[PDB]
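Form solved without the partner chain, single chain, as structure tokens, below.
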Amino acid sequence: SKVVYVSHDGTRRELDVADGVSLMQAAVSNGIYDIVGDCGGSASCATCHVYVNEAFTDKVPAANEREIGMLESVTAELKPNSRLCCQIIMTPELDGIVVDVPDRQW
């Protein structure tokens, strides 16, 4: 399924992500350098921060308590649509999802 990672300067990078793969994993294994994913996807670091386009924030599972706590420590601006993309699992239902990546993770 399609996922578009828009870098902070506007570059739209599209990837085909298989079902069950997190957006963080697909990102770090396909050159999306603006996403670090340091902890490996256990909602333990804040380095996979992205802004989910509002047309999809409702189709994606709500952030659990751990993510909510971790998001408080994001280094870039924290927005209402901020999410740790390691917590977003790709599914056909999300095909076309767009996420904007901040200018910093650390």
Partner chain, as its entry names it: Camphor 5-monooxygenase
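Residue numbers count along the first chain shown, from 1.
A second form of this protein, the form deposited with the partner chain bound, is not displayed here; the remarks below concern that form.
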| field | Candidate site 14, 53 and 57: all three near the partner chain in the deposited complex by heavy atom within 4.5 Å | value | no
| field | Partner proximity in the deposited complex: residue 81 to the partner chain, non-hydrogen atom cutoff 4.5 Å | value | no
| Using heavy atoms and a 4.5 Å limit, would one call residue 61 a contact residue for the partner chain in the deposited complex? | no
